[PDB]
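In what follows, a single structure is set out as structure tokens and then discussed.
FYI, the numbering just counts along the sequence from 1. Start at 1 and go down the list; that is how both ligands and their atoms are numbered. Reckoned from all heavy atoms, side chains included, excluding hydrogens, waters and symmetry mates.
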Amino acid sequence: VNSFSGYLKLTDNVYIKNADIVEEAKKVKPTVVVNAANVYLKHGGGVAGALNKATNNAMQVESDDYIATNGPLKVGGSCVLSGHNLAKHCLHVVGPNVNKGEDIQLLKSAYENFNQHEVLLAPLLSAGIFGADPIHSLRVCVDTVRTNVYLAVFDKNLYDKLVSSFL
Ligand SMILES: Fc1cccc2c1OCCN(c1ncnc3[nH]ccc13)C2
């Protein structure tokens, strides 16, 4: 039993809710919140900009030190950093950005990072400003993630389409 509330159950392990991941994180304080990161951990917009703003820029400060030490992530890769005031940990996961020409096949590799954590609050990877079809992202999630994932979808119109079209 966990503290996630109001989710529709999609499969054995995947749950979905129309919710602002920032507000959801602040309420649940999950062990792991997933950020829709880029390889530079520059959290300017989309989910990343919103999560970072909610940390009063502490996420960005921590991220800049991480990059200065380790260099950029790989597309499809991840790193674990602090969750600040939102979660115990933040898993920064880089899905491919279609508006940069990156191979959509890397979306499965990106979701594989979720399997290293028993329970996660997450957005749909590569959705929103990353340019991929959120319906496809949900399919890859369900077919790749085996751990328990709670998906927060900001847009209500999108949430309804994802549910109604789910196979
Ligand atoms: F860049 C994106 C990368 C991945 C997914 C999404 C992106 O764009 C921003 C809007 N989306 C959100 N989804 C869930 N929680 C959210 N909180 C604020 C925005 C937001 C979808």
Item to check | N57 and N52 side chains, donor-acceptor separation under 3.5 Å | outcome: yes
Checklist entry - Between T31 and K88, is any side-chain donor less than 3.5 angstrom from a side-chain acceptor? => result no
Checklist entry - Can you name the ring pair (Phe, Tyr, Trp, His ring centres under 6.0 Å) partners of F4, sequence neighbours left out? => result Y7, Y150
Write none if no such pair exists; otherwise list each N/O atom of ligand 1 with its protein N/O partner under 3.5 Å and the distance.
{"unit_1": "ligand 1", "atom_1": "17 (N)", "unit_2": "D20", "atom_2": "OD1", "d": "3.3"}

Checklist entry - Stepwise, does the side chain to side chain contact (heavy atoms under 4.5 Å, CB included) test hold for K53 with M59? => result CA-CA 8 Å; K53 179 176 172 185; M59 177 180 286; over 6 Å; no
Checklist entry - At their closest point, which heavy atom of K108 faces which heavy atom of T144, and how far apart are they? => result NZ-OG1, 2.9 Å
Checklist entry - Between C79, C90, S63, which is the residue that forms a side-chain contact (heavy atoms from CB on, under 4.5 Å) with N35? => result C90
